[PDB]
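File shown: model_16.txt. Contents: compact mmCIF, C-alpha atoms and all ligand atoms.
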# COMPACT_ATOMS: atom_id res chain seq x y z
CA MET A 1 223.67 3.64 -42.36
CA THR A 2 223.53 6.42 -39.75
CA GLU A 3 226.03 7.07 -36.94
CA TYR A 4 224.76 8.17 -33.51
CA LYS A 5 227.06 9.70 -30.92
CA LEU A 6 225.73 8.73 -27.48
CA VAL A 7 227.20 9.83 -24.13
CA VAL A 8 226.63 7.94 -20.85
CA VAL A 9 226.89 10.34 -17.88
CA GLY A 10 226.29 10.10 -14.11
CA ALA A 11 227.89 9.95 -10.64
CA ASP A 12 230.63 7.52 -9.46
CA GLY A 13 229.46 3.91 -9.35
CA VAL A 14 225.92 4.32 -10.77
CA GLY A 15 226.65 1.61 -13.38
CA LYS A 16 227.53 3.64 -16.52
CA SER A 17 230.19 1.13 -17.62
CA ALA A 18 228.11 -1.98 -16.69
CA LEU A 19 225.19 -0.63 -18.73
CA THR A 20 227.42 0.01 -21.80
CA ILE A 21 229.28 -3.34 -21.48
CA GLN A 22 225.88 -5.13 -21.29
CA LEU A 23 224.77 -3.49 -24.57
CA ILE A 24 228.07 -4.17 -26.41
CA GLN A 25 229.36 -7.45 -24.90
CA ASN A 26 226.07 -8.95 -23.55
CA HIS A 27 227.37 -9.68 -20.03
CA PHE A 28 227.53 -8.06 -16.60
CA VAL A 29 230.67 -6.38 -15.19
CA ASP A 30 230.74 -7.33 -11.46
CA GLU A 31 234.15 -5.68 -10.80
CA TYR A 32 234.55 -2.01 -9.78
CA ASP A 33 237.14 -0.35 -12.07
CA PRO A 34 236.76 3.43 -12.41
CA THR A 35 236.55 4.81 -15.94
CA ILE A 36 238.70 7.65 -17.27
CA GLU A 37 237.08 7.62 -20.76
CA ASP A 38 236.19 4.73 -23.06
CA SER A 39 234.24 4.52 -26.30
CA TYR A 40 232.50 1.62 -28.02
CA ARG A 41 230.81 0.93 -31.34
CA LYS A 42 227.74 -1.20 -31.95
CA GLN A 43 225.89 -1.83 -35.19
CA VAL A 44 222.12 -2.31 -34.54
CA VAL A 45 218.76 -2.06 -36.36
CA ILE A 46 216.27 0.36 -34.73
CA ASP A 47 212.84 0.88 -36.38
CA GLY A 48 214.20 -0.55 -39.67
CA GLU A 49 217.22 1.83 -39.81
CA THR A 50 220.88 0.59 -39.91
CA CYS A 51 222.54 2.36 -36.91
CA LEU A 52 226.17 2.59 -35.88
CA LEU A 53 226.14 3.58 -32.20
CA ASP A 54 229.30 5.35 -31.06
CA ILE A 55 228.99 5.33 -27.26
CA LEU A 56 231.15 7.38 -24.92
CA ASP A 57 231.50 5.92 -21.41
CA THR A 58 232.53 8.81 -19.14
CA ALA A 59 234.09 9.20 -15.67
CA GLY A 60 231.87 9.85 -12.62
CA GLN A 61 234.10 12.85 -11.77
CA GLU A 62 235.88 14.80 -14.58
CA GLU A 63 239.52 15.87 -14.14
CA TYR A 64 239.12 18.90 -16.49
CA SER A 65 235.82 20.83 -16.95
CA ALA A 66 237.01 21.94 -20.45
CA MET A 67 237.67 18.28 -21.49
CA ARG A 68 234.14 17.31 -20.25
CA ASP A 69 232.56 20.22 -22.24
CA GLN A 70 234.10 18.86 -25.47
CA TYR A 71 232.25 15.54 -25.30
CA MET A 72 229.00 17.37 -24.43
CA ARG A 73 229.41 19.52 -27.61
CA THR A 74 230.12 16.40 -29.73
CA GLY A 75 227.50 14.09 -28.18
CA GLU A 76 224.08 13.96 -29.91
CA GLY A 77 222.20 12.30 -27.04
CA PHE A 78 222.81 11.66 -23.34
CA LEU A 79 221.94 8.73 -21.04
CA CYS A 80 221.69 10.45 -17.60
CA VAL A 81 222.22 7.62 -15.13
CA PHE A 82 221.61 7.45 -11.39
CA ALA A 83 221.42 4.40 -9.07
CA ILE A 84 218.07 3.75 -7.30
CA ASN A 85 220.00 3.09 -4.00
CA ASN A 86 222.09 6.32 -4.21
CA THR A 87 220.14 9.55 -3.50
CA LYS A 88 223.30 11.68 -4.11
CA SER A 89 223.55 10.32 -7.70
CA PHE A 90 219.83 11.18 -8.23
CA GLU A 91 220.37 14.77 -6.93
CA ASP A 92 223.50 15.06 -9.17
CA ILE A 93 221.28 14.53 -12.33
CA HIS A 94 220.31 18.24 -12.33
CA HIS A 95 224.02 19.21 -12.48
CA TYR A 96 224.65 16.93 -15.51
CA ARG A 97 221.51 18.17 -17.35
CA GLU A 98 222.43 21.86 -16.58
CA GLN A 99 226.05 21.29 -17.89
CA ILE A 100 224.70 19.66 -21.10
CA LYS A 101 222.16 22.48 -21.70
CA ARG A 102 224.85 25.17 -21.12
CA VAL A 103 227.47 23.56 -23.44
CA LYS A 104 224.89 22.85 -26.19
CA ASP A 105 223.24 26.32 -25.65
CA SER A 106 219.80 24.63 -25.90
CA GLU A 107 216.90 23.71 -23.58
CA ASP A 108 216.02 20.80 -25.97
CA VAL A 109 218.78 18.13 -25.99
CA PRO A 110 218.03 14.37 -26.62
CA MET A 111 218.27 12.74 -23.18
CA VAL A 112 216.97 9.68 -21.31
CA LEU A 113 216.84 9.51 -17.48
CA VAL A 114 218.05 6.07 -16.37
CA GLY A 115 217.38 4.61 -12.89
CA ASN A 116 219.91 1.80 -12.67
CA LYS A 117 220.36 -1.10 -10.16
CA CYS A 118 216.59 -1.82 -10.11
CA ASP A 119 217.43 -5.47 -9.11
CA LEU A 120 218.38 -4.13 -5.63
CA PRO A 121 215.69 -4.20 -2.89
CA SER A 122 217.46 -1.41 -0.89
CA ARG A 123 215.84 1.42 -2.94
CA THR A 124 216.28 5.05 -1.67
CA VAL A 125 214.91 6.83 -4.78
CA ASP A 126 211.25 5.94 -5.55
CA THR A 127 209.99 5.24 -9.12
CA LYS A 128 207.32 8.03 -9.00
CA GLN A 129 209.98 10.62 -7.84
CA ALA A 130 212.19 9.78 -10.87
CA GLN A 131 209.13 9.67 -13.19
CA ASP A 132 208.09 13.19 -12.00
CA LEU A 133 211.62 14.56 -12.54
CA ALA A 134 211.77 13.09 -16.10
CA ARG A 135 208.24 14.53 -16.75
CA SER A 136 209.46 18.00 -15.63
CA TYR A 137 212.49 17.73 -17.99
CA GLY A 138 210.25 16.52 -20.86
CA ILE A 139 212.40 13.37 -21.27
CA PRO A 140 211.76 9.57 -21.08
CA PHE A 141 212.54 7.63 -17.90
CA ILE A 142 213.62 3.96 -17.86
CA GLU A 143 214.52 1.70 -14.93
CA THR A 144 217.42 -0.62 -15.73
CA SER A 145 219.56 -3.32 -14.19
CA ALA A 146 223.00 -3.95 -15.79
CA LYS A 147 222.98 -7.10 -13.55
CA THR A 148 219.81 -8.76 -15.01
CA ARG A 149 219.89 -6.74 -18.34
CA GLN A 150 216.39 -5.34 -17.55
CA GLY A 151 215.72 -2.22 -19.68
CA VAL A 152 219.31 -2.02 -21.08
CA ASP A 153 218.44 -2.28 -24.82
CA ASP A 154 215.32 -0.08 -24.26
CA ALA A 155 217.42 2.71 -22.60
CA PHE A 156 219.89 2.96 -25.52
CA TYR A 157 217.28 2.43 -28.27
CA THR A 158 214.94 5.08 -26.69
CA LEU A 159 217.89 7.53 -26.72
CA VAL A 160 218.47 6.80 -30.46
CA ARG A 161 214.71 7.41 -31.06
CA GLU A 162 215.05 10.77 -29.18
CA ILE A 163 218.01 11.83 -31.40
CA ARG A 164 216.17 10.79 -34.63
CA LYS A 165 213.08 12.80 -33.43
CA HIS A 166 215.23 15.94 -32.70
CA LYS A 167 216.90 15.84 -36.18
CA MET B 1 251.73 5.23 -10.94
CA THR B 2 251.86 2.61 -8.14
CA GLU B 3 249.20 0.08 -7.10
CA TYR B 4 248.46 -0.42 -3.39
CA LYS B 5 246.61 -3.49 -2.12
CA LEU B 6 244.62 -2.34 0.92
CA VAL B 7 242.50 -4.59 3.12
CA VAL B 8 239.61 -3.32 5.30
CA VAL B 9 239.13 -5.71 8.27
CA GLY B 10 237.03 -5.72 11.42
CA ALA B 11 234.08 -7.24 13.27
CA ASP B 12 230.50 -7.65 11.95
CA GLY B 13 228.77 -4.32 11.35
CA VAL B 14 231.61 -1.90 12.21
CA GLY B 15 231.09 -0.12 8.86
CA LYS B 16 233.83 -1.57 6.62
CA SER B 17 231.61 -1.42 3.49
CA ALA B 18 230.10 2.00 4.29
CA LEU B 19 233.66 3.42 4.70
CA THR B 20 234.81 2.04 1.34
CA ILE B 21 231.56 3.10 -0.45
CA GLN B 22 231.84 6.61 1.03
CA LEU B 23 235.50 6.84 -0.13
CA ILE B 24 234.78 5.85 -3.73
CA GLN B 25 231.11 6.73 -4.32
CA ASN B 26 230.67 9.73 -1.94
CA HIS B 27 227.40 8.50 -0.39
CA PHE B 28 226.37 6.91 2.89
CA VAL B 29 224.79 3.46 2.79
CA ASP B 30 222.12 3.29 5.53
CA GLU B 31 221.31 -0.37 4.76
CA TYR B 32 223.14 -3.31 6.38
CA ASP B 33 224.05 -5.84 3.62
CA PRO B 34 226.63 -8.39 4.91
CA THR B 35 229.72 -8.71 2.76
CA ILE B 36 231.19 -11.98 1.51
CA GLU B 37 234.11 -10.26 -0.30
CA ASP B 38 234.21 -7.23 -2.60
CA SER B 39 237.04 -5.22 -4.13
CA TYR B 40 237.20 -1.71 -5.54
CA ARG B 41 239.72 0.44 -7.42
CA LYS B 42 240.22 4.18 -6.83
CA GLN B 43 242.85 6.42 -8.45
CA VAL B 44 244.12 9.14 -6.08
CA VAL B 45 247.16 11.46 -5.72
CA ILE B 46 248.99 11.12 -2.37
CA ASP B 47 252.10 13.24 -1.68
CA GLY B 48 252.45 13.94 -5.44
CA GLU B 49 252.37 10.25 -6.45
CA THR B 50 249.45 8.75 -8.43
CA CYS B 51 248.17 5.74 -6.49
CA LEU B 52 245.81 3.11 -7.80
CA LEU B 53 244.18 1.79 -4.63
CA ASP B 54 242.96 -1.81 -4.91
CA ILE B 55 240.77 -2.11 -1.82
CA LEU B 56 239.50 -5.40 -0.43
CA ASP B 57 236.26 -5.09 1.55
CA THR B 58 236.14 -8.22 3.75
CA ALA B 59 233.52 -10.17 5.72
CA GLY B 60 233.06 -9.50 9.44
CA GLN B 61 232.35 -13.23 10.03
CA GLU B 62 234.14 -14.51 13.17
CA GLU B 63 233.91 -18.18 11.99
CA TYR B 64 236.71 -19.92 9.98
CA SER B 65 239.52 -17.40 10.64
CA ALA B 66 241.79 -19.44 8.27
CA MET B 67 239.66 -18.06 5.34
CA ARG B 68 241.42 -14.72 5.94
CA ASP B 69 245.02 -16.05 5.54
CA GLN B 70 245.30 -15.65 1.75
CA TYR B 71 244.12 -12.02 1.62
CA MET B 72 246.35 -11.21 4.63
CA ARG B 73 249.39 -12.59 2.73
CA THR B 74 248.45 -10.58 -0.42
CA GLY B 75 247.40 -7.32 1.31
CA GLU B 76 250.09 -4.64 1.71
CA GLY B 77 248.31 -2.61 4.40
CA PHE B 78 245.36 -3.06 6.73
CA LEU B 79 242.60 -0.75 7.95
CA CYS B 80 241.67 -2.33 11.34
CA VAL B 81 238.15 -1.02 11.91
CA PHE B 82 236.09 -1.02 15.09
CA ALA B 83 232.88 0.96 15.88
CA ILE B 84 233.08 3.57 18.70
CA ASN B 85 229.72 2.25 20.11
CA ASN B 86 230.84 -1.44 20.11
CA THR B 87 233.39 -2.33 22.85
CA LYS B 88 233.53 -5.98 21.63
CA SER B 89 234.69 -4.81 18.15
CA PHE B 90 237.42 -2.68 19.84
CA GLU B 91 238.62 -5.71 21.87
CA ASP B 92 238.46 -7.88 18.62
CA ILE B 93 241.14 -5.60 17.01
CA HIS B 94 243.89 -7.59 18.80
CA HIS B 95 242.68 -10.83 17.10
CA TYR B 96 242.86 -9.24 13.61
CA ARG B 97 246.30 -7.64 14.31
CA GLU B 98 247.71 -10.94 15.74
CA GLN B 99 246.47 -12.95 12.74
CA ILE B 100 247.93 -10.39 10.26
CA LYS B 101 251.35 -10.44 12.02
CA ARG B 102 251.34 -14.30 12.12
CA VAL B 103 250.34 -14.75 8.40
CA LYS B 104 252.84 -12.08 7.22
CA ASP B 105 255.53 -13.39 9.67
CA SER B 106 256.33 -9.75 10.63
CA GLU B 107 255.80 -7.38 13.58
CA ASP B 108 256.02 -4.31 11.22
CA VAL B 109 252.91 -4.74 9.00
CA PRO B 110 251.42 -1.39 7.69
CA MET B 111 248.22 -0.83 9.69
CA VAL B 112 245.87 1.98 10.73
CA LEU B 113 243.44 1.68 13.68
CA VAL B 114 240.07 3.11 12.60
CA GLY B 115 237.34 4.12 15.06
CA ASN B 116 234.23 4.28 12.88
CA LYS B 117 230.67 5.69 13.49
CA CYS B 118 232.12 8.80 15.22
CA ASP B 119 228.93 10.74 14.30
CA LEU B 120 227.06 8.65 16.92
CA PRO B 121 226.64 10.23 20.39
CA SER B 122 226.22 6.76 22.07
CA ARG B 123 230.02 6.22 22.36
CA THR B 124 231.38 3.32 24.50
CA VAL B 125 235.05 3.58 23.39
CA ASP B 126 236.68 6.93 24.33
CA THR B 127 238.89 8.70 21.71
CA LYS B 128 241.77 8.89 24.25
CA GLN B 129 241.40 5.14 25.02
CA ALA B 130 241.78 4.21 21.31
CA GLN B 131 244.63 6.80 20.91
CA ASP B 132 246.42 5.19 23.88
CA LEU B 133 246.00 1.63 22.44
CA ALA B 134 247.14 2.70 18.96
CA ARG B 135 250.28 4.31 20.48
CA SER B 136 251.01 0.95 22.27
CA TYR B 137 250.65 -0.82 18.85
CA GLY B 138 252.96 1.74 17.20
CA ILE B 139 250.31 2.48 14.54
CA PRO B 140 248.27 5.60 13.61
CA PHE B 141 244.70 6.06 14.85
CA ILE B 142 241.93 7.91 12.97
CA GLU B 143 238.26 8.37 13.90
CA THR B 144 235.92 8.10 10.94
CA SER B 145 232.28 8.48 9.96
CA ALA B 146 231.07 6.86 6.81
CA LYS B 147 227.95 9.08 7.31
CA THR B 148 229.63 12.54 7.45
CA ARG B 149 232.86 11.46 5.58
CA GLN B 150 234.93 12.60 8.64
CA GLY B 151 238.39 11.03 8.44
CA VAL B 152 237.54 8.71 5.49
CA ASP B 153 240.14 10.09 3.04
CA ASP B 154 242.69 10.51 5.90
CA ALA B 155 242.31 6.84 7.00
CA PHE B 156 243.02 5.43 3.52
CA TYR B 157 245.77 8.01 2.69
CA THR B 158 247.53 7.43 6.06
CA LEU B 159 247.54 3.68 5.32
CA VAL B 160 249.16 4.35 1.90
CA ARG B 161 251.81 6.50 3.68
CA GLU B 162 252.46 3.59 6.13
CA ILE B 163 252.96 1.13 3.20
CA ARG B 164 255.36 3.61 1.48
CA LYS B 165 257.35 3.99 4.74
CA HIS B 166 257.59 0.19 5.04
CA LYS B 167 259.02 -0.23 1.50
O1 LIG C 201 250.88 0.14 -11.30
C1 LIG C 201 250.22 0.16 -12.33
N1 LIG C 201 249.05 -0.46 -12.54
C2 LIG C 201 248.49 -0.27 -13.91
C3 LIG C 201 248.30 -1.61 -14.58
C4 LIG C 201 247.15 -2.35 -14.59
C5 LIG C 201 245.77 -2.00 -14.07
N2 LIG C 201 245.44 -2.84 -12.89
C6 LIG C 201 244.11 -2.56 -12.35
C7 LIG C 201 243.86 -3.21 -11.00
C8 LIG C 201 243.65 -4.72 -11.05
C9 LIG C 201 242.97 -5.30 -9.81
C10 LIG C 201 242.91 -6.82 -9.79
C11 LIG C 201 241.93 -7.35 -8.76
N3 LIG C 201 242.51 -7.38 -7.38
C12 LIG C 201 241.58 -7.94 -6.36
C13 LIG C 201 242.23 -7.92 -5.01
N4 LIG C 201 242.37 -6.73 -4.32
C14 LIG C 201 243.03 -6.98 -3.14
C15 LIG C 201 243.43 -6.11 -2.12
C16 LIG C 201 244.07 -6.64 -1.01
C17 LIG C 201 244.33 -8.01 -0.93
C18 LIG C 201 243.92 -8.87 -1.93
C19 LIG C 201 243.28 -8.37 -3.07
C20 LIG C 201 242.73 -8.95 -4.26
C21 LIG C 201 242.77 -10.40 -4.67
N5 LIG C 201 244.11 -10.77 -5.21
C22 LIG C 201 244.68 -11.81 -4.58
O2 LIG C 201 245.77 -12.33 -4.84
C23 LIG C 201 243.76 -12.20 -3.50
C24 LIG C 201 243.87 -13.22 -2.55
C25 LIG C 201 242.85 -13.40 -1.63
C26 LIG C 201 241.69 -12.62 -1.70
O3 LIG C 201 240.71 -12.85 -0.79
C27 LIG C 201 241.58 -11.61 -2.66
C28 LIG C 201 242.63 -11.42 -3.55
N6 LIG C 201 247.36 -3.54 -15.25
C29 LIG C 201 248.69 -3.62 -15.62
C30 LIG C 201 249.39 -4.64 -16.24
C31 LIG C 201 250.75 -4.45 -16.48
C32 LIG C 201 251.39 -3.27 -16.10
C33 LIG C 201 250.68 -2.27 -15.45
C34 LIG C 201 249.32 -2.42 -15.21
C35 LIG C 201 249.53 0.65 -14.51
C36 LIG C 201 249.59 1.22 -15.78
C37 LIG C 201 250.67 2.03 -16.11
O4 LIG C 201 250.77 2.59 -17.35
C38 LIG C 201 251.69 2.25 -15.18
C39 LIG C 201 251.62 1.69 -13.92
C40 LIG C 201 250.54 0.87 -13.59
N1 LIG C 202 223.28 -4.80 -8.28
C1 LIG C 202 223.69 -4.08 -9.36
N2 LIG C 202 224.99 -3.66 -9.41
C2 LIG C 202 225.43 -2.94 -10.47
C3 LIG C 202 224.50 -2.57 -11.55
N3 LIG C 202 225.19 -1.84 -12.44
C4 LIG C 202 226.46 -1.75 -11.99
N4 LIG C 202 226.59 -2.42 -10.82
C5 LIG C 202 227.80 -2.55 -9.99
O1 LIG C 202 228.20 -1.28 -9.52
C6 LIG C 202 229.63 -1.19 -9.52
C7 LIG C 202 230.02 0.01 -10.38
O2 LIG C 202 229.60 -0.26 -11.72
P1 LIG C 202 230.24 0.52 -12.95
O3 LIG C 202 229.52 0.08 -14.19
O4 LIG C 202 231.74 0.48 -12.90
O5 LIG C 202 229.77 2.00 -12.57
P2 LIG C 202 230.42 3.36 -13.13
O6 LIG C 202 229.35 4.38 -12.98
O7 LIG C 202 230.82 3.11 -14.65
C8 LIG C 202 231.88 3.72 -12.13
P3 LIG C 202 232.83 5.14 -12.72
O8 LIG C 202 232.05 6.39 -12.54
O9 LIG C 202 234.19 5.22 -11.89
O10 LIG C 202 233.18 4.89 -14.26
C9 LIG C 202 230.17 -2.53 -10.03
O11 LIG C 202 230.45 -3.35 -8.88
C10 LIG C 202 228.98 -3.13 -10.75
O12 LIG C 202 228.95 -4.56 -10.76
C11 LIG C 202 223.11 -3.05 -11.42
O13 LIG C 202 222.28 -2.77 -12.30
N5 LIG C 202 222.79 -3.77 -10.32
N1 LIG C 203 225.84 6.31 12.03
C1 LIG C 203 226.73 5.57 11.33
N2 LIG C 203 226.33 4.37 10.84
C2 LIG C 203 227.20 3.60 10.14
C3 LIG C 203 228.57 4.08 9.88
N3 LIG C 203 229.19 3.14 9.14
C4 LIG C 203 228.31 2.13 8.97
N4 LIG C 203 227.12 2.44 9.52
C5 LIG C 203 225.92 1.58 9.57
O1 LIG C 203 226.26 0.33 10.17
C6 LIG C 203 225.58 -0.73 9.49
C7 LIG C 203 226.63 -1.71 8.96
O2 LIG C 203 227.40 -1.04 7.96
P1 LIG C 203 228.32 -1.85 6.93
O3 LIG C 203 229.18 -0.86 6.21
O4 LIG C 203 227.48 -2.84 6.16
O5 LIG C 203 229.22 -2.66 7.98
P2 LIG C 203 230.17 -3.91 7.63
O6 LIG C 203 231.24 -3.90 8.64
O7 LIG C 203 230.68 -3.79 6.13
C8 LIG C 203 229.10 -5.36 7.82
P3 LIG C 203 229.88 -6.90 7.29
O8 LIG C 203 230.98 -7.31 8.37
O9 LIG C 203 228.73 -8.01 7.27
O10 LIG C 203 230.43 -6.73 5.94
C9 LIG C 203 224.76 -0.10 8.37
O11 LIG C 203 223.42 0.08 8.86
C10 LIG C 203 225.39 1.28 8.18
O12 LIG C 203 224.48 2.30 7.76
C11 LIG C 203 228.91 5.40 10.43
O13 LIG C 203 230.04 5.91 10.25
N5 LIG C 203 227.97 6.06 11.11
MG MG C 204 232.64 3.48 -15.49
MG MG C 205 230.55 -5.17 4.68
Could you rewrite the structure in this file as structure tokens?
Amino acid sequence: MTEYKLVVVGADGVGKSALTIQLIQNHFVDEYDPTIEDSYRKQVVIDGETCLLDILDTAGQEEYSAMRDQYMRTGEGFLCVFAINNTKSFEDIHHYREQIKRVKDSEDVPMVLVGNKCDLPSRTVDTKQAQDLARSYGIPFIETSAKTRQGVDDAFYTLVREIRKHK
Amino acid sequence: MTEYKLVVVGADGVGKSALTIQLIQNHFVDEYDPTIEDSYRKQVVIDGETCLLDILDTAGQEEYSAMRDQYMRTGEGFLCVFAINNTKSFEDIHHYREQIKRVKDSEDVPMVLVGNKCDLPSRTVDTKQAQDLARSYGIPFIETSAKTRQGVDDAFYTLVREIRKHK
């Protein structure tokens, strides 16, 4: 058995909690209830290895920069989430990646860029634009929908694979 | 901590959803997606008190006005929204205010008159005209733009202050 500390980060309302709740509880959260900080455990098998995922579901906006830095130091891998209908959340990605790199004092940190709400037709961030950004960061990119469950398992499992590769 | 049940009402397309989404998610929705009924939570500090805002984003549908009675009974305060480029929506305000007063069986219901889309130069409702009407209603008036965020926080916070005053 191996434990993996995963952190889900991103702007207000991108679907951080809905993505995590889909992985843990296998259903969609339709309601909008802002997160302060929650954590969840999930035991899963990834590439034949027994994994205990310890997932931190973070707030869109931190109250204390120093409190935020602590989970970035502890976290082994980061799911950097934006919503495909929210250009501000996509532009905010750089700020999350820069904060993670600074706290970890490393240019190489396991990360996955997640483009959530891909079920929505009202797209403002194109697929190629997110693919190019992820290519420039040297990280995988996955489109997800916490509503339909599209790409949810793949986003978390890819992050675990990135952590296992880094180790 | 205190919870406040806020209701955003007004005619079709005045920007009820865009105002609420700007308040909580800090981005402007350019798309027009008609609302059936959505609710959102937002934790804020107003005059030193932590407020958990429970905001109901309602439909602009003019048909079956009786469908509004239950949320009008439950709601503690109302954001009565019109668009500054839509004279019909400004004239419709009276119908929303009359229904609220009837359902609540009170002339002193916490309300704020909101003149949305103030970023638009194609104005048909003058600021002074809405100020004059709001004064005759005995309620505050705030101009807002879900696009620029002008007056968005002030509209919701003023409504909370009106509910507190009423208590
Ligand atoms: O004040 C505190 N609240 C905290 C707390 C919570 C968390 N709550 C989170 C919001 C929950 C929204 C629930 C959907 N609320 C949805 C909602 N939002 C509205 C806004 C306006 C009008 C109606 C609604 C409605 C709907 N409700 C109706 O009756 C209705 C009718 C017609 C409609 O069409 C729509 C609606 N749960 C607790 C249980 C016990 C004690 C405290 C709490 C708390 C903790 C604490 O340490 C100290 C103080 C507090
Ligand atoms: N259409 C659609 N809606 C989604 C998707 N993911 C989340 N949502 C919706 O977006 C809203 C916010 O989702 P939530 O998971 O709370 O986002 P969050 O980023 O955790 C909010 P906070 O930053 O305050 O913790 C909810 O109404 C939820 O149903 C998705 O993939 N598609
Ligand atoms: N320029 C400008 N456009 C706005 C503003 N607020 C809303 N809009 C635009 O008006 C249209 C309708 O916005 P929306 O928030 O859906 O209005 P609504 O009142 O919730 C519509 P419904 O009654 O069906 O729920 C959208 O195209 C939106 O971009 C604003 O402050 N400025
Ligand atoms: Mg959340
Ligand atoms: Mg709407």
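When all atoms listed in the file are used to measure the gap to chain B, the shortest distance among A:103, A:66, A:53, A:83 belongs to A:83.
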Each residue of chain A with at least one atom at most 10 Å from ligand LIG 201 (chain C) should appear once, together with its nearest atom pair and the corresponding distance in Å (one decimal); atoms considered: only C-alpha atoms and all ligand atoms; ordering: chain, then increasing residue number; output as a Markdown table.
| residue | atom | partner | partner_atom | distance |
| --- | --- | --- | --- | --- |
| A:31 | CA | C:LIG201 | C11 | 8.2 |
| A:32 | CA | C:LIG201 | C9 | 9.0 |
| A:33 | CA | C:LIG201 | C6 | 7.3 |
| A:34 | CA | C:LIG201 | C6 | 9.5 |
Quiz item: Taking into account all atoms listed in the file, which residue in the set A:37, A:91, A:3, A:57 is nearest to residue 17 (chain A)?
Solution: A:57
Practice problem: Report as a PyMOL selection string the set of chain A residues whose atoms approach chain B to within 12 Å, with distances computed over all atoms listed in the file. | Solution: chain A and resi 10-15+30-36+59-61+63+82-83+85-92+120-124
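The gap separating CA of residue 70 (chain A) from CA of residue 132 (chain A) is 29.8 Å, in Å to one decimal.
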Quiz item: Do you have the atom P3 of ligand LIG 202 (chain C)-CA of residue 111 (chain B) distance handy?
Solution: 27.8 Å
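One finds atom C9 of ligand LIG 202 (chain C) at 17.4 Å from CA of residue 151 (chain A).
Each of B:146, B:81, B:7, B:18 was checked against ligand MG 205 (chain C) using only C-alpha atoms and all ligand atoms; the smallest atom-to-atom distance is that of B:18.
Among the candidates A:143, A:107, A:162, A:49, the residue lying nearest to ligand LIG 202 (chain C) is A:143 (atoms considered: all atoms listed in the file).
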Self-check item: Which of B:22, B:131, B:50, B:99 sits closest to residue 67 (chain B) [using all atoms listed in the file]
Solution: B:99
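Proximity of A:58, A:65, A:136, A:127 to ligand LIG 202 (chain C), computed with only C-alpha atoms and all ligand atoms, is greatest for A:58.
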Practice problem: Could you pull out every residue with an atom within 9 Å of (237.6, 8.6, 14.2), file coordinates, counting all atoms listed in the file, and send them as a list in words? | Solution: residues 84, 114, 115, 116, 117, 118, 119, 127, 141, 142, 143, 144, 145, 150, 151, 152 and 155 of chain B
Quiz prompt | Exercise: residue 134 (chain A) partners within 9 Å, all atoms listed in the file, chain neighbours under 6 positions left out, as a ChimeraX atom specification | solution = /A:112-113,140-141
Practice problem: Excluding residue 157 (chain B) and residues on its chain fewer than 6 positions from it, collect all residues at most 10 Å away from it, counting all atoms listed in the file, and give them as a VMD selection string. | Solution: chain B and resid 44 to 47 51 53 151 163
Store the residues picked out above in a file with C-alpha atoms, as an mmCIF file, keeping the file's coordinate frame.
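Heads up, here's the output in result-v2.cif:
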data_model
loop_
_atom_site.group_PDB
_atom_site.id
_atom_site.type_symbol
_atom_site.label_atom_id
_atom_site.label_comp_id
_atom_site.auth_asym_id
_atom_site.auth_seq_id
_atom_site.Cartn_x
_atom_site.Cartn_y
_atom_site.Cartn_z
ATOM 1 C CA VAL B 44 244.120 9.140 -6.080
ATOM 2 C CA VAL B 45 247.160 11.460 -5.720
ATOM 3 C CA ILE B 46 248.990 11.120 -2.370
ATOM 4 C CA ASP B 47 252.100 13.240 -1.680
ATOM 5 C CA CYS B 51 248.170 5.740 -6.490
ATOM 6 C CA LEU B 53 244.180 1.790 -4.630
ATOM 7 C CA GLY B 151 238.390 11.030 8.440
ATOM 8 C CA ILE B 163 252.960 1.130 3.200
#
Quiz item: So which residues touch residue 166 (chain A) within 10 Å, counting all atoms listed in the file, skipping near sequence neighbours fewer than 6 positions away, as a PyMOL selection string?
Solution: chain A and resi 76-77+108-110+160
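The list of residues within 6 Å of (226.0, 16.4, -24.5), counted using all atoms listed in the file, is residues 72, 73, 75, 78 and 100 of chain A.
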Taking all listed atoms of ligand LIG 202 (chain C), build the axis-aligned box, pad each of the six sides by 5 Å, then write its centre and edge lengths in Å to one decimal as JSON.
{"center_x": 228.2, "center_y": 0.8, "center_z": -11.5, "size_x": 21.9, "size_y": 21.2, "size_z": 16.4}
